[PDB]
Amino acid sequence: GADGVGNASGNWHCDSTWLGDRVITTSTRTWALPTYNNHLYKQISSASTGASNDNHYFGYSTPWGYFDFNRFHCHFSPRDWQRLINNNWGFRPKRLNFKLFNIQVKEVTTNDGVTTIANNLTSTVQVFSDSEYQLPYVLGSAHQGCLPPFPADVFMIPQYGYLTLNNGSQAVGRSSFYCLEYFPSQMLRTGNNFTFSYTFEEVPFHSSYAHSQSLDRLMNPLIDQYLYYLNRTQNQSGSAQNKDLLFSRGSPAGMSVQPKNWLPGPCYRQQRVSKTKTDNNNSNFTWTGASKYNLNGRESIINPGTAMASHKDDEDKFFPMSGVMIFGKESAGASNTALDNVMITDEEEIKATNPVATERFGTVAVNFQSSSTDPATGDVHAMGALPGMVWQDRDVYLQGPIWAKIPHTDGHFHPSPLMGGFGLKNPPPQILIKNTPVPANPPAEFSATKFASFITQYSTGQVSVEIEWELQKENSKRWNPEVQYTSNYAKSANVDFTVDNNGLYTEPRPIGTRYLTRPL
Amino acid sequence: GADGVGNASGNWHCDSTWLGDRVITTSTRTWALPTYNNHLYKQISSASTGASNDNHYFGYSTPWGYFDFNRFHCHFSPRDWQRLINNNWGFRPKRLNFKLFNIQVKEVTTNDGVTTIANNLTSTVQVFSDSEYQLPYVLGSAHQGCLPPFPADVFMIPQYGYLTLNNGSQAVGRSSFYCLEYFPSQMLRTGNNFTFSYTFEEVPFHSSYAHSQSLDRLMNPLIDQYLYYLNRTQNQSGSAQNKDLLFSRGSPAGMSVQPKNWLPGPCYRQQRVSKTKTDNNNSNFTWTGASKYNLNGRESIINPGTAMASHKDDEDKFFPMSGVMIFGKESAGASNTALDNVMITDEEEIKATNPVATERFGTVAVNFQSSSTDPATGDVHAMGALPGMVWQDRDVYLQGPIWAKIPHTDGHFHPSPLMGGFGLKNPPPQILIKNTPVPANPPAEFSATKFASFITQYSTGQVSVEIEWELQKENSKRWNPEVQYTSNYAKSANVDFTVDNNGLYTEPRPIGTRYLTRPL
Amino acid sequence: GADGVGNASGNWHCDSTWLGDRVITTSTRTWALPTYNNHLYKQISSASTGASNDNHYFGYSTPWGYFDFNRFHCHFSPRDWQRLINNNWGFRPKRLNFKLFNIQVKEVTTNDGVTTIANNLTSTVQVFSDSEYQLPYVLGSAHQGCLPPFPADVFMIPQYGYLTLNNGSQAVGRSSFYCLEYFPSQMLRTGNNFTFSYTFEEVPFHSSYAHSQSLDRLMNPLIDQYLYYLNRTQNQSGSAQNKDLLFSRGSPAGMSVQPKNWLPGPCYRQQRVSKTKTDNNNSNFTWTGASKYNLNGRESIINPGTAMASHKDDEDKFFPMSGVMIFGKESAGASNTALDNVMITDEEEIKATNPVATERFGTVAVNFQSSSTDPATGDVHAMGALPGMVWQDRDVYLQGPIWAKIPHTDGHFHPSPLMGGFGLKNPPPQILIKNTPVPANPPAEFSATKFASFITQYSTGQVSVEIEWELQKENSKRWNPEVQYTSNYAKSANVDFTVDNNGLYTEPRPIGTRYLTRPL
Ligand SMILES: CC(=O)N[C@H]1[C@H]([C@H](O)[C@H](O)CO)O[C@@](O)(C(=O)O)C[C@@H]1O
Ligand SMILES: CC(=O)N[C@H]1[C@H]([C@H](O)[C@H](O)CO)O[C@@](O)(C(=O)O)C[C@@H]1O
Ligand SMILES: CC(=O)N[C@H]1[C@H]([C@H](O)[C@H](O)CO)O[C@@](O)(C(=O)O)C[C@@H]1O
Ligand SMILES: [Mg+2]
Ligand SMILES: [Mg+2]
Ligand SMILES: [Mg+2]
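Protein chains in written order, with the entry's author numbering: chain A, 217 to 736; chain A', 217 to 736; chain A'', 217 to 736. A prime marks a further copy of an entry chain.
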């Protein structure tokens, strides 16, 4: 778009419109973009430092930044989240509309103690979207820098970096270097705007419900089965302990031995740790007792891992060591902050279909019983996909990620992104933004040496994102009332999800989606 | 339909019509429906009793009953089963036609010792099908109450109950209560009839064949491979035991080491127990040595579990403890009945593609061999899905289930119902039937207290089910004759699959489907 | 409708369909009708007994009964109630569809100890609706006999009676006697059915919301007013107490004296009584301390009276003596049952606009202050309509009444029915049902004396009621989550709103409608 300097290039579109089976959200925020890296790319490495082989990395930092609207509180206000989670069985993304407008480039001059900031009306910010996914996709790794939950909050734009292959601190012949100046990008003075629109692929609805039934309780409790199972191997009503083979048919007085059609979901057990520090071991096991994976002689913790229940009935005090998502409160520090500065999610409502993360999967025969060799079973702590298995994927949270790019691989098994959300062959693309460098005054004699002297400058503008979501309506024939999410009627000093007296918005708990119920 | 009291509302459609690649079966049976629960719902619980945490349950019994035609002998006569299993490579359901007709409600009065049963011409039985699957699906759990194998046999209609979430004997906020009076239902006096028709989704043909080849015998026995494998690590023809690295190419004289393209199916080993009581351990291991799964701190035996072969070549005497389906003979009791009162199925013909259930899957390296550290392998007793795996699902039996509803989950791996059959997103729906309550004479003064005084009454009628099945024809270029199912030419006191002198039909053995063969 | 004896005359239409801004409920129940009064009308009186002049009455009992579907649990299942109360700002009735079908008349014969009940196929039940409101309207007085909450529950039909003018036990010339045989009525044998349809007049939406603001907190807290008020009458900063006239302008530091635009609602104070028996007076004041009205020298308690708040902030333990609706639990007796056998409603959420019922309205000058005569104020305990007043009508409850007929008077002020609901000029009409008398065998000689000898007989049938309700959608721009109604996630022995193990449905608490909020 073309406009004079004194002429808005867009309006503040933020709203929340529901119609039928669709909810269209639009959120507008204002962003600050600084010069990053001094308009330079810089090779970045784990060289020096001596970080453990696990942490060794090689890659690049970029002069560009990016936009990230991959969190639900980017487009769903908490009261809108409630409308979703309280009345819908599912939902998914469908289309997306993005706009960059009202961009103002400013020049900064520092003389002595005093700094002056003036408008540079001829400078340009450049935006481009990686629609062919040619750049390393850095979204979908739960990074900060996303659009803020509170529309009145101004955010800084995160800087783009990526990585490639690394052996230790060194690189390899295949490792890749990307110059974002190589792509075509739209240049904008304060009069220009920028827009694009995107359609999501077909993906399934997310499960904004819990099961009112469990896998081991699907049968009719009033009706014996016609199937029989081997019941005893030692005779009932015998004076000694004499060998026998006694068969019984399925009965309600024994749901635990009735033949069944299905298996619980896959499991990959994690250590159980109590929220009350006393019960725990007096050691520092978050690594040595970690459930981890082993890629290229390099260990990386599994978190959040295969979707499993967080604790059993009545054991609310526990949690898997790396098998739940944990959001920090606004006060929490960056490292080694106390329990009550963070919020731990509880995926307990899937215990209906999925193993508890802290427990075994089951028991397995491991020998051939005979009159001589006593039978033997062992426990299963890793259980891969078996035919018959049914499972519920890990739930999403107002604060949590929305989607992820499915890695481009020959093969993938059930590629829901492990942290929750939609796994996309072709996600929404990255939007890269950079301030055009503005050289200061060159010398009066020619010098072919790289230009290192630039007007210090930063830019600010608004950003608009419209997303149409589909809803899956609830058709439940349940008589009794369902569980619903609700603010606490009682009194307190602070409304939930609000600014305080200093003006700080705070999200008090994580809100997931599984409240309505349906049969299994 | 509308008809006078003296006017049949349907005819006895039972038959067996084959045309081309299709077989249409129709079976009509007559049913008795009683008043269940005294027209009340009743909360049902494991409260009291003290059943082990495994067996704890919470749910409801319903005044309604249901129809169940989810067994093959409901629609296939044994001689028709033979035509299927002896000449077809596969088959599947396609459509379904159901009819309720000739319904007669009767009133019962008991005075002293003598009981009188008269016709109540104004009373109504109500039927409705759960076409939106809004009710907990209780079919597909191998319950009794199905249509009888012998058309001349009159059956009682099973009562509907369901279950929801349970912690111990207590319930949880999400648990669900269903009133079947909440759905619209068709009311019928003796003149009315009821019909509906259903189409199955596309599902694959069932495998009414065995493999004439095994996974490890697919290569050409006359032709060396061009691939090489590491053959020796200790020198042949050396005076000492000197280290070496000797490579050999694939050869018929060693099929066991030839590189191959595929893996057997997944395994989840079960205990092996002999049909001859002597060889077995002198203990009662059907639980302690059980292979089980662990859901919500509650153990449930796996039966019948992942589809595996029942015994190896020449070991006919064994069987997996909970890895075969077992049908009771008509004489067998409900609990702790002898070996010869039941019939144990033998899925041995899949040993071609699938692990034997009682044995390991394979062997795995578990260390790094060096001149110092001796190499080490361990056994695999649980093997999840690996790329390359091929497998044959558990076979179906004249007496066995036909289909099951695939649980409504975010995820499922190869959802064939474990007991055999077709896993259906939208199966045939439940048909719920109930007798309308008939109040006896109220008092002459008003009383808003619930009415507890009703004419005792039961109903009887016929029921018709027409199913069109598709057949997959056998195209085999096998020269020699195939194995076929056959009654025994020789003499005996009883024809197979018949009434005896008291009039009792008996099914003498389980009949599966895998008789024809095709290459792997 | 015309149908043979063996031919249903209607189907079981019960359901719950939401579309757009409309919710259509349909509920079907089955009813027993007895012979009432022995087909006689009987004058009924307070004669004898000696009931206090307050309780004296004169009227009639009728051989007919009536239908009553004037409670919400007649057409709203609790989970449907939740959908209403959790997502709508309002709702109202629109149309109505009623049907009588499947009617079965039965004859009863008692010989010795044994009773026999047979079908009488030629007997007729007669129904008619009082569409011209010619009969005393007995609905809308909170009587029992309504359709039961649980569709599977069979109910007895209440008997019709009415009343007219009474002086003591005696009657007056104007008192009115009604013969329901005087109206035309539809006669039905077991083959006939009966239907009618009704449209509600336009009435306002009910307020299924609470105010997020109060009348005294509508101003901007950051901005002084331009209005001034007389602040002091005794000089600040004077050594003595010298008379002055000091004026101050409206300020946030004094919301209590700022000029305002509105008045709270009307009040008619009631006695405050604590739910904890200790704090209360040691006397029996429910009459002597009752707030009552005085009509024709006859006292009648006001209950529930003008709509007022039930307790103030933090005084949850109190309630107005006759100014709240109280539902009995199923266990409660008819008279003098304990506190925990009943459920007391809490209309506290209207304290935003309306006086607290237990407190004064305000204070009023009652003299002329001078330097000699000290100023004086008194309290207001009855406050009639004043210009400026705004108020919220008493809320409705799942168990509570739906509508009432507005009395046919020259005058009415804001005629919302005091117990909650819709006040209707022309409500849904009464449906009167009676069994036609069946004379037994007359003598063989003529006798003109009234026939007193009839076959004892009662009737049963189903009844269908379809109501279309309009919804007022919630458009709230509230950021934080609203309060919502919810079943308790935690464990317990009983699901809410269910049958127990004996089969008894129980409604555990009263559920009102005010959960969403809007500004005042
Ligand atoms: C319902 C149930 O769990 N049954 C199990 C029983 C019970 O422990 C006893 O019947 C206790 O009364 O023990 C077995 O060893 C048996 O005796 O057959 C295995 C079987 O699985
Ligand atoms: C066909 C076959 O199984 N070959 C195996 C042989 C045989 O046991 C010997 O050749 C016995 O003659 O043993 C090996 O250790 C070897 O010597 O290479 C491994 C190899 O897999
Ligand atoms: C905000 C408020 O309630 N102001 C009131 C004050 C306060 O009680 C004193 O200012 C206490 O500091 O008392 C008055 O008599 C006055 O002095 O004018 C009346 C006035 O309504
Ligand atoms: Mg709008
Ligand atoms: Mg034929
Ligand atoms: Mg519907």
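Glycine included, each C-beta is placed from N, C-alpha and C at the ideal position.
For residue i and residue j, I'd like the C-alpha separation in whole angstroms.
i, j, result
"A'/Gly217", "A'/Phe412", "13 Å"
"A'/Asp237", "A'/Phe292", "16 Å"
"A/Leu461", "A'/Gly466", "47 Å"
"A''/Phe501", "A''/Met537", "9 Å"
"A''/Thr244", "A'/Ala554", "52 Å"
"A/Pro726", "A''/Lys707", "22 Å"
"A'/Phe314", "A'/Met372", "18 Å"
"A'/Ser277", "A/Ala469", "15 Å"
"A'/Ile671", "A'/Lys650", "15 Å"
"A''/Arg433", "A''/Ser423", "21 Å"
"A'/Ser499", "A/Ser586", "10 Å"
"A'/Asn318", "A'/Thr406", "6 Å"
"A/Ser339", "A/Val330", "23 Å"
"A/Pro724", "A/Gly505", "31 Å"
Checking the sheet assignment: what are the DSSP bridge partners for residue i?
i, result
"A'/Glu684", "A'/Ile240 and A'/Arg311"
"A/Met403", "A/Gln342"
"A''/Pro655", "A''/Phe670"
"A'/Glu323", "A'/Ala334 and A'/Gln673"
"A'/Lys258", "A'/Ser277"
Interface residues of chain A around residue i at Cβ under 7 Å?
i, result
"A'/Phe629", "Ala601, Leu602, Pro603 and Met605"
"A'/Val343", "Result: empty, since nearest Cβ-Cβ is about 17 Å, beyond 7 Å."
"A'/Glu515", "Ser472"
What in chain A is Cβ-close to residue i, meaning under 9 Å?
i, result
"A''/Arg734", "Near A''/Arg734 there are no residues of chain A at all, since even the closest Cβ is about 13 Å away, more than 9 Å."
If the cut is a Cβ gap below 8 Å, which residues of chain A'' does residue i touch?
i, result
"A'/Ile649", "Result: empty, since nearest Cβ-Cβ is about 12 Å, beyond 8 Å."
Where does the unbroken beta strand (DSSP E) through residue i begin, and where does it stop?
i, result
"A'/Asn651", "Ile647 to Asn651"
"A/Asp595", "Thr593 to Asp595"
Whole-angstrom Cβ separation of residue i and residue j, contact assumed at under 8 Å?
i, j, result
"A/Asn691", "A''/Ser703", "Contact flag wrong, Cβ pair sits at about 19 Å."
"A/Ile560", "A/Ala523", "No, A/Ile560 and A/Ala523 are not in contact; Cβ-Cβ is about 16 Å, not under 8 Å."
"A''/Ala601", "A''/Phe629", "7 Å"
"A'/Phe274", "A'/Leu379", "7 Å"
Check for me: the alpha helix (DSSP H) holding residue i runs from which residue to which?
i, result
"residue 745 of chain A''", "Since the first and last residues shown for chain A'' are 217 and 736, residue 745 of chain A'' lies out of range."
"residue 741 of chain A", "Outside the shown range of chain A, which is 217 to 736, sits residue 741 of chain A, and nothing can be said about it."
"A'/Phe501", "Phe501 to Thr504"
Quick one: which chain A'' residues come within Cβ less than 9 Å of residue i?
i, result
"A'/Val370", "Residues of chain A'' passing the Cβ test: none, with the nearest at roughly 22 Å."
"A'/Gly275", "Going along chain A'', no residue has its Cβ under 9 Å from A'/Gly275, so there is no contact; the nearest lies around 10 Å."
Below 9 Å on C-beta distance, what does residue i contact in chain A'?
i, result
"A''/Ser669", "None at all; the shortest Cβ gap to chain A' is about 16 Å."
"A''/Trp234", "The premise fails here: A''/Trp234 is roughly 15 Å from chain A' at the closest Cβ pair, so nothing lies under 9 Å."
Kindly list, in the order they appear in chain A'', the residues whose Cβ is closer than 7 Å to that of residue i.
i, result
"A/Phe393", "Per Cβ cutoff of 7 Å: no residues; A/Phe393 is ~45 Å from chain A'' at best."
"A'/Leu404", "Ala224"
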